[PDB]
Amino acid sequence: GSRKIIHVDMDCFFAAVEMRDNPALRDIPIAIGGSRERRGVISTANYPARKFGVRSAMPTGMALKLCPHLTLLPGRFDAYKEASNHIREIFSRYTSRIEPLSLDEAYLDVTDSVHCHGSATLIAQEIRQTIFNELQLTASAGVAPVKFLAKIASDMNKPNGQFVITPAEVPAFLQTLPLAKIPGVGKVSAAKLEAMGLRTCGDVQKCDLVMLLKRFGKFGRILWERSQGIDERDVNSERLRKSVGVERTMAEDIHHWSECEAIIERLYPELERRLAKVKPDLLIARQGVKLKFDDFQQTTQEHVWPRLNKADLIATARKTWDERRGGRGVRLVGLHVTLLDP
């Protein structure tokens, strides 16, 4: 009853696209990210930049201190999206069981594929090659009997590599695996687990399910399952986007509502333009706003509303501004929309 799941993952996806499109960035540390003055962070970076410690989600200010010759690129999301469409169409040549997770990665369920004599190892390789031959970018891949093990495996031979985990290899692979490597166990959860003596899946295997359920809820059940290789989630392939949001972080904290409203006026056309791509009639389920203050607390207020409407967003923003801001500076304003169900 064992299935074959491939996880494909582009190498330094945005950076790799920028070097293809301008070879001059090939051997210099580059990074896609807002400038220091724009208070931005690194989206991604190439390997000459991560040699210096540059990571995704790092404040640009901290990147430039580690890597003073970093080259900041603004990013060209149409170029990234075109490559994403291309790779996904490459996936289609092999199976329709494709669940994309972002521009640059997808799960594939190749169980009932008889490409490459049903070898998932050689299907994964034949996709990386091909991506290489047709897009001049590289991908890493992971092959395992379940989703999360396949995702972990795609980082172990990154860049331009892959890694296979057979069911017979699963128990030994699990035994020393830090919990934080499990997709969905982040920093906060890992630090709680660590603080009661749980670091690896082998640790959680010595744990009672009931206790984990009491301490963590459904997350505790997830944690006990994954700790044993149990991950029965199917590769979906028909997930649909449920929301679209637009938010902006100013270079300077705003302190006056005239500043906020002017920002909303620039945000709204963008949100409308993007909603129309997926809902021409702008018919929606809910709309709302987001403010992030200078103490980094953030708040949203949204409500049932039937159609993208600028004035109600301005209205509810003004309300949020007055009712919850306490004279703090505001670093970010965002608009939001929850899409209708079908």
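Throughout, we count residues from 1 along the sequence that is shown.
Per the PDB record, of the two stretches 134-142 and 209-217, 209-217 carries the greater mean B-factor over its C-alpha atoms. Per-stretch averaging of Cα B factors for 323-331 and 10-18 places 323-331 on top. When the Cα B-factors of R233, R248, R88, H255 are read from the PDB record, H255 comes out highest.
Among all modelled residues in its chain, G288 ranks in the lowest third by Cα B-factor. Among the modelled residues of its chain, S102 has a C-alpha B-factor that falls in the lowest third according to the deposited record.
In this PDB entry, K65 carries a Cα temperature factor that places it within the highest third of its chain's modelled residues. Compared with the other modelled residues of the chain, the Cα B-factor recorded for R55 ranks in the lowest third.
For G197, the recorded CA B-factor ranks within the highest third of the chain. Only modelled residues enter the ranking.
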